[PDB]
4 protein chains.
Amino acid sequence: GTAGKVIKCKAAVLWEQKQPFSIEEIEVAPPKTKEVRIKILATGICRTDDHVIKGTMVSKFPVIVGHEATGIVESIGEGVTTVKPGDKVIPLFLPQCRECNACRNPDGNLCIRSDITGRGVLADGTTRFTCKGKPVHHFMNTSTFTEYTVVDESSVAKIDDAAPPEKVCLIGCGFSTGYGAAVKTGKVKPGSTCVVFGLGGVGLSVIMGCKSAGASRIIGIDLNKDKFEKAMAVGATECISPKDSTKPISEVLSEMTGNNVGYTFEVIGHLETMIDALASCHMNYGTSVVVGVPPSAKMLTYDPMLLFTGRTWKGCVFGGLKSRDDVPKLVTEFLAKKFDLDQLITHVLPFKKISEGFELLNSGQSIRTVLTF
Amino acid sequence: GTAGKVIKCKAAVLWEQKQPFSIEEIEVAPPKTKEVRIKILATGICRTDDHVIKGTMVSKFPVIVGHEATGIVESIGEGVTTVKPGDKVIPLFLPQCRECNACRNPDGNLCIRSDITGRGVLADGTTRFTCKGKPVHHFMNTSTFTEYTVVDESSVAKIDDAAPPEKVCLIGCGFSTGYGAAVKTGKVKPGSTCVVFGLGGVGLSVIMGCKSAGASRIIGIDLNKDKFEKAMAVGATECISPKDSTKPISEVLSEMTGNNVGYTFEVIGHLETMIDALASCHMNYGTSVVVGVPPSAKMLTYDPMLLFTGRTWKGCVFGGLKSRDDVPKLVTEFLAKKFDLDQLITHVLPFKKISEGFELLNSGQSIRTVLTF
Amino acid sequence: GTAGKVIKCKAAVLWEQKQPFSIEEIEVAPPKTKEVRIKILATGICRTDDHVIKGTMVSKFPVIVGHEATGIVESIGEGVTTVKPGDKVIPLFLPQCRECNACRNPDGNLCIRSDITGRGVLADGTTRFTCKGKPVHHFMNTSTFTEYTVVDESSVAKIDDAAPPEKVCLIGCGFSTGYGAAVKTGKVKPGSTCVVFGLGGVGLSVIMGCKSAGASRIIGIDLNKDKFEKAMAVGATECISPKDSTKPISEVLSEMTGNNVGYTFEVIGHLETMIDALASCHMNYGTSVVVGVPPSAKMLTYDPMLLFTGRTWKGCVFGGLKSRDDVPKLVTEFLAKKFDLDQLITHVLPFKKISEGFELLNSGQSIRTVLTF
Amino acid sequence: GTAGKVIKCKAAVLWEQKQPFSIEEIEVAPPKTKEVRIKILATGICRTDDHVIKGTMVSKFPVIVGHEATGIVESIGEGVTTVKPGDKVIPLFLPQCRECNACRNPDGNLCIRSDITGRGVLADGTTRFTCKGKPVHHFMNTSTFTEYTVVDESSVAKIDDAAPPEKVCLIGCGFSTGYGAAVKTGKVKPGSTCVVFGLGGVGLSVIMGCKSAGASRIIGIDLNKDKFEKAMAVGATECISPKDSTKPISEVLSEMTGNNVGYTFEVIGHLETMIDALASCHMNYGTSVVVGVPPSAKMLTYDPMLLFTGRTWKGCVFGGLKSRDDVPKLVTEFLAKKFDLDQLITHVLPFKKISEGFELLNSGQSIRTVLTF
Ligand SMILES: NC(=O)c1ccc[n+]([C@@H]2O[C@H](COP(=O)([O-])OP(=O)(O)OC[C@H]3O[C@@H](n4cnc5c(N)ncnc54)[C@H](O)[C@@H]3O)[C@@H](O)[C@H]2O)c1
Ligand SMILES: NC(=O)c1ccc[n+]([C@@H]2O[C@H](COP(=O)([O-])OP(=O)(O)OC[C@H]3O[C@@H](n4cnc5c(N)ncnc54)[C@H](O)[C@@H]3O)[C@@H](O)[C@H]2O)c1
Ligand SMILES: NC(=O)c1ccc[n+]([C@@H]2O[C@H](COP(=O)([O-])OP(=O)(O)OC[C@H]3O[C@@H](n4cnc5c(N)ncnc54)[C@H](O)[C@@H]3O)[C@@H](O)[C@H]2O)c1
Ligand SMILES: NC(=O)c1ccc[n+]([C@@H]2O[C@H](COP(=O)([O-])OP(=O)(O)OC[C@H]3O[C@@H](n4cnc5c(N)ncnc54)[C@H](O)[C@@H]3O)[C@@H](O)[C@H]2O)c1
Ligand SMILES: C[As](C)(=O)[O-]
Ligand SMILES: C[As](C)(=O)[O-]
Ligand SMILES: C[As](C)(=O)[O-]
Ligand SMILES: C[As](C)(=O)[O-]
Ligand SMILES: C[As](C)(=O)[O-]
Ligand SMILES: [Zn+2]
Ligand SMILES: [Zn+2]
Ligand SMILES: [Zn+2]
Ligand SMILES: [Zn+2]
Ligand SMILES: [Zn+2]
Ligand SMILES: [Zn+2]
Ligand SMILES: [Zn+2]
Ligand SMILES: [Zn+2]
Ligand SMILES: [Zn+2]
Ligand SMILES: [Zn+2]
Ligand SMILES: [Zn+2]
Ligand SMILES: [Zn+2]
Ligand SMILES: [Zn+2]
Ligand SMILES: [Zn+2]
Ligand SMILES: [Zn+2]
Ligand SMILES: [Zn+2]
Ligand SMILES: [Zn+2]
Ligand SMILES: [Zn+2]
Ligand SMILES: [Zn+2]
């Protein structure tokens, strides 16, 4: 009965920077050509969502953040072919137009439609959200902290009907990012020695990926020792903290492996720890993968000799996945009991408790928090 | 015979930094255990040698430089098994002891015996040169600006007897580095687009590597437009200079290619161009290889965001070659007519005209000058 | 912690003879009085371990083989006084209780505690391993193809901490055996002419021993001519194959040396070659050392006149070394670069690739393959 | 004079095997170049001579046996420089030409001129004896069961004129063999425990040798207990017989010494007891010397594991003595009263009674029986 009509629903709106959410009553426009309106079933709280709140990430306001989620297709726009009302799907912050260079290349995944600049809009350059007359912006081609959202078709992944929305939502960000980091970006090898900087939802996902890649050793690092128990239990053959010693973490790690660190992953978001992760992989054959999003407008300064000796330094976006291709496959892999997401979800709460949720994340008391509708 | 005795010969000595070469009469101690004394037949003037003079490369003094050469074995020390007197060889600055992690690693090449710290001695920590009752240091496990030198066996490659020493000496640094940079370090896929920053002896070699890789486009970049004719002769599809436009080189290249720069190579040695090279490759699926040697003790400041999107940034030592295995294979490939080295040799002069060789190097009027004995 | 507790870990188990390994999850009991639980860091693949598989060496089943290794002391049992947790150690397949006759005799080394009969248990007659509720047998007082093992204190050699595990593990069997076979058992004298039958890990170590002793001539013998290059490199003066001539190898050797073969060494494990080795040393003043292990339950038949004329024929266990006395000394000698172990190691692979190590051995492609944990 | 003329005398000839002696009239040709004709004063009856009669030793017929003797030089052939007519000498069945590997090598003694193949001729391939027209063959470079014999100068030891020929004749075989077996071949050590298999003439000499080495225990073994009284008188500390118990002799011996049998000597001539002798010495640090002579054309089958554990097994020819150097010295030591030979001679008879001497040998009634002229 709503298809074609504006949908009045609620949404955690953010009117300005460094402000708390405001659960407003908003109006969601119907989907235009090649767009899709989705009803969010569950959505997790990712650390990147907090970046906007903190103001460590450029964004227009007002805006509805949230990007990690599972939903149902309420209605499809004109010309859509990959989905139909009733289909279970997962909104993709990383699209796959399949037409641009990065999409045409098997070794690329950052679609030209990727909202990196903080555009806060869809393909045609407009918004679909209105609240109190004034228009509300989108977040990374998704916007999930709402009962309903509209994303372009190029940002819709049709998944298996039987998939549990409250768990598979991690495939929309957190999990796929860390797992694919190892498996598809760093391409960790069997017998390797990996080092993961940061033991959050993504960090812990990298571990699973490395352990699954065959790494005979996986060392976890975190200032928060409370994250160790989770680490060891996930695949960390050990875990330490930078504060445990005064000698550079790079030296410590070398000594621990006898200078044979094949991979280092930065999954925090600190420039200082990016240098640390680089310096910690082997000087000639080590690879350092940066997964953590660095704070906007900050220049990095390091010793270029660290790179000259042969080191490989690369970035990662959504764990190197080709969204529309890989997401539905990973879902089937979860159904086939291959991976246990449950280890990652430390809290399931009703959407209304969103404020409490963000509190948890920021206190170091939680991995993932899944909000329910 | 000369075997077992100290050899008196002439060598181009550098008594201190920022001073011309002094062609002194020196004493070359005989080869100890697993060492090899070599008679130099032909040696190339490489830019890195100039770094010692200019003072931008750490080195002890006095010292004898030169590291690109072809020689003949005069006498082997005790225990030597890979070479015998009269054998044609190429001394190696990048050793291959076959037993350290890097040598054992199929993805490594920086042997632990590499003199990266400017020690200026052999494996046992001593020198073999003397001049006026003063010990003269070695340079990067080689020292070829001399009638005779002594290296460790791990630093000797036995090559085909019929190899013209005045041509294949480039296989000791110049040509191997460039060619390998493209084929081994960068793994240039066929049909891709490559951009090379710097059209000197190594830069031109990189063009040959990309050309051997099947690249559909290879764009040369140099401030000296006189280098352009050569670049085109060895395989460049077109050449340009940064001064030709006011907009950033990264944007000029993106526009020229439709946002498709597969691989960039920094073949100059300026941190400035290292960032330009990084920034000039596709933001998500591009690879930038640092071939140029950055000036001593200089930190590099760049925008981390260039990396995070997915760019791969990696160093390169000797073209990623495992010295003792690859050098012989390259000489065989030269004799098998797989490539031309004549194009890179602009001048062939007697060893005594070494200062002119350096003049032509610095005045930009020479790719490779080869000094003969 | 793990002290006093059962350890769950992985181990390559053999359930019956003529079967491939089965990496299984096993439990390792804590150490009882005067025993020591050790974590394995690196372990070699010695041909003896292959005899168990092939069934040419008696063993009870199931069993965990492997015996050439380096480790770190996880925990010590009651009354232990020679090692402490943290200590680096080499487990000893040849004990040294220091109380028995062979231990008190300066010319003996086969301690009563040696497991030569396939006992597969510790000094108190019991096992320390369980897998699927059923007890698993030890191998030659060691058992190292497991993450953890328990040995009697009489079978632990505390070594230098700075010792690289993946190198000094050969001092646990292979190197010490062939080396001591020349220096300690055969007592090769300066100027002699030695002959080695078999050029694998042990054979190559014999040649190093002969050279170290002062042999003027070392002849290598092997069907696999691909082994010649390394035999020559390590010390040989020439190598040949039994197939090169139709006349008995003894005659050939007589002819090459003009009937002056002082020492022959059988480092293979064939009754046939044991005889060949005997008949090849001088008929009156020759010495023939048997290093290779004869297939179990096979009687030897030879011409006694070979012996009567004066030939000395003697067996050899662990190169004649007194375990806890000579092992620690060899590690220290190694650290002083007295001998090269890396020449013997042709492959380093992660433990999980155990079959490939064995396949490489059996296909004639490796000397020593070292497995890392 | 007789010098230069054929000498007619008597000799004990064997026309064929398994037939008693025949005292015939024979012709002894004059000594050719580098040969010596000797008058036999006294000669012992060695068990080896009986081997020829029994047919368990290869020989041509007819032949004149006997090899243990003392004599006087009748005439010297052309070129002879070491002895003159009238000199007292001992014919050597083991030559010392001083120009062959064994001879020149300090550890060898089996000269190249030794008659091991059972030729029965002198260096030049001819005989010197004639009887009833037909030529009679020599035995082991000696032939002493005759009044006159001719030997090569390499088989002649000039000894002290004051030496009792009826006692020192044992130094031509029996005594020197047994004595040297312990002192020179086995190299028995002070305080060791030796076991001698066979209490005959050579066995008793081994005991004497072991007693001079400082042995602490010397256990004698024989099936004939009447030999025990003499064994104890020459040095044995106890004696036993294989039939004294049912358990294997090796266990009996082990039990008696607490598994500490340093040396075993076989001085009987059986393959079975040679095996018993090996198995009887300490499995790791024991040495078993084979002195007895094994019946020709018989293969020995034993368990190689007996040898593998470390036992040293060696043969013995004439107690390992360099005949021309050692025989004189031994006589000199006898005259210096180092040992008593009288204990070994149980019967002194005239040469015509040779048959009785042999009867007493094969009945067990005598140790050595000396025949006089
Ligand atoms: N690249 C992308 O595709 C992508 C995807 C998802 C998330 N992210 C980014 O990855 C990073 C983490 O994601 P998350 O959900 O796992 O965050 P998270 O907050 O749950 O985990 C952060 C971890 O870093 C640890 N940490 C902080 N400072 C530390 C330090 N100095 N040294 C060691 N550990 C320290 C914290 O204790 C915590 O364990 C953030 O920058 C996020 O924006 C990026
Ligand atoms: N990685 C190694 O293994 C290795 C091996 C060989 C040489 N090198 C280094 O590689 C670099 C080049 O070697 P080369 O012998 O070919 O030097 P070269 O002097 O012949 O070439 C340098 C080129 O760079 C050009 N150039 C300089 N500044 C420029 C700028 N700002 N922009 C564009 N072009 C500019 C010059 O005109 C010249 O053509 C040096 O740093 C040398 O030390 C490294
Ligand atoms: N005595 C002990 O203390 C002790 C110690 C270690 C090893 N071993 C024994 O030593 C022997 C060899 O061990 P390894 O570790 O050196 O093994 P290995 O397999 O690496 O070497 C065997 C070598 O002998 C060669 N060979 C095989 N058949 C041949 C033949 N018919 N004639 C000539 N050469 C032939 C093989 O090609 C190979 O080169 C084995 O029996 C092993 O059990 C004994
Ligand atoms: N190697 C040489 O240089 C050399 C020198 C002299 C003698 N021999 C040989 O040495 C051996 C001994 O010579 P001998 O002159 O002293 O002989 P012998 O006949 O006097 O003594 C043999 C002894 O062995 C004992 N015996 C035989 N079978 C027995 C058995 N099964 N178990 C235990 N005892 C048994 C006999 O009772 C006798 O006491 C002979 O074979 C002889 O040919 C060798
Ligand atoms: C069960 As069964 C034949 O291995 O004893
Ligand atoms: C010795 As079984 C466990 O194979 O019967
Ligand atoms: C034949 As079985 C040792 O497995 O019982
Ligand atoms: C008798 As014993 C324990 O030394 O072999
Ligand atoms: C004659 As005695 C050495 O046995 O006492
Ligand atoms: Zn996210
Ligand atoms: Zn796209
Ligand atoms: Zn932090
Ligand atoms: Zn190396
Ligand atoms: Zn100096
Ligand atoms: Zn160079
Ligand atoms: Zn420049
Ligand atoms: Zn010119
Ligand atoms: Zn079974
Ligand atoms: Zn072994
Ligand atoms: Zn059992
Ligand atoms: Zn012992
Ligand atoms: Zn074989
Ligand atoms: Zn080495
Ligand atoms: Zn001789
Ligand atoms: Zn004849
Ligand atoms: Zn005799
Ligand atoms: Zn008998
Ligand atoms: Zn009688």
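Lettering follows sequence order; numbering is per chain, from 1. One-based numbering, in listed order, for ligands and for the atoms of each. Values below: every heavy atom of this structure, side chains too, minus hydrogens, waters and symmetry copies.
In this structure, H138(B) has its ring center under 6.0 Å from that of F129(B). Note: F93(D) and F139(D) fail the aromatic proximity criterion, with ring centroids not under 6.0 Å apart.
Closest protein heavy atom to atom 38 (C) of ligand 2: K227(B) NZ, 3.5 Å. For atom 7 (C) of ligand 2, the closest non-hydrogen atom of the protein is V202(B) CG2, 3.6 Å. Nearest protein neighbour of atom 42 (C) of ligand 2, counting heavy atoms only, is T48(B) OG1, 3.5 Å. Shortest contact from atom 21 (O) of ligand 2 to any protein heavy atom: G200(B) CA, 3.4 Å. The shortest contact between atom 30 (C) of ligand 2 and any protein heavy atom is with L223(B) CD1, 3.6 Å. Counting only heavy atoms of the protein, atom 40 (C) of ligand 2 lies nearest to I268(B) O, 3.6 Å. Scanning the protein for heavy atoms near atom 10 (O) of ligand 2, the closest one is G292(B) CA, 3.6 Å. In terms of protein heavy-atom proximity, atom 2 (C) of ligand 2 is nearest to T177(B) CG2, 3.6 Å.
Less than 4.0 angstrom separates some heavy atom of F308(A) from each of these atoms of ligand 2: 1 (N). Each of the atoms 1 (N) of ligand 2 lies under 4.0 Å from some heavy atom of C316(B). Of all atoms in ligand 2, listed by their number and element, those nearer than 4.0 Å to a heavy atom of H270(B) are 28 (N), 31 (N). Short contacts between ligand 2 and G201(B), defined as distances under 4.0 Å to a heavy atom of the residue, involve ligand atoms 16 (O), 20 (O). Within ligand 2, the atoms closer than 4.0 Å to a non-hydrogen atom of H51(B) are 41 (O), 43 (O), numbered from 1 in the order shown.
Looking at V317(B) next to ligand 2, no N or O pair under 3.5 Å apart turns up. Inclusion of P242(B) in the set of residues having an N or O under 3.5 Å from an N or O of ligand 2 is not warranted. At under 3.5 Å, a nitrogen or oxygen of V291(B), whether backbone or side chain, sits near a nitrogen or oxygen of ligand 2. Residue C173(B) has no nitrogen or oxygen atom sitting less than 3.5 Å from a nitrogen or oxygen atom of ligand 2, judged on distance alone. On a distance-only criterion, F93(B) and ligand 2 share no N/O pair closer than 3.5 Å.
A donor and an acceptor atom, one from each side chain of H347(D) and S366(D), are nowhere located under 3.5 Å apart. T264(B) and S288(B) are linked by a side-chain donor-acceptor pair at a separation below 3.5 angstrom, with hydrogens and angles left out of the test. Between the side chains of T43(D) and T144(D), a donor-acceptor pair is found at a separation under 3.5 Å.
With distances taken over non-hydrogen atoms, the option nearest atom 18 (P) of ligand 2 out of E68(B), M57(B), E266(B), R47(B) is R47(B). Nearest to atom 35 (C) of ligand 2 by heavy-atom distance, out of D222(B), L204(B), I45(B), is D222(B). Among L344(B), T185(B), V267(B), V290(B), the residue whose heavy atom sits closest to atom 12 (C) of ligand 2 is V267(B).
Taking the charged nitrogens against the carboxylate oxygens, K322(B) and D325(B) have no contact shorter than 4.0 Å, which rules out a salt bridge. Salt-bridge annotation for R368(D) and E68(D): present, with a side-chain N of the basic residue lying under 4.0 Å from a carboxylate O of the acidic one. A salt bridge is defined here as a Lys NZ or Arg NE, NH1 or NH2 lying under 4.0 Å from an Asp or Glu carboxylate O, and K225(B) with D244(B) meets this definition. Salt bridge absent: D115(B) and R119(B) never bring a charged side-chain N and a carboxylate O closer than 4.0 Å.
Contacts between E272(B) and ligand 2, counted as non-hydrogen atom pairs separated by less than 4.0 Å, are absent for every part of the residue. At a heavy-atom cutoff of 4.0 Å, ligand 2 is contacted by no atom of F175(B), backbone or side chain.
Remark: distances from the non-hydrogen atoms of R368(B) to ligand 2 include one below 4.0 Å. Assignment of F318(B) to the shell around ligand 2 is supported, since a heavy atom sits closer than 4.0 Å.
Heavy-atom neighbours of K211(B) NZ from other residues, nucleotides or ligands within 6.0 Å: at or below the threshold of 12. Surrounding NZ of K314(B) are more than 12 heavy atoms belonging to other residues, nucleotides or ligands, all under 6.0 Å away.
Of all the heavy atoms in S59(D) and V52(D), the pair that sits closest is CB-CG1, 4.3 Å. In terms of heavy-atom proximity, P165(D) sits nearest to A42(D) at O-CB, 3.5 Å. The two residues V290(B) and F308(A) make their nearest non-hydrogen contact at O-CD1, 4.2 Å.
For the pair SG of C46(D) and SG of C173(D), the angle whose vertex sits at the Zn ion (ligand 26) is 110° to 10 degrees.
We find the CD-NZ distance between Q365(B) and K227(B) to be 10.0 Å, quoted to the nearest 0.5 Å.
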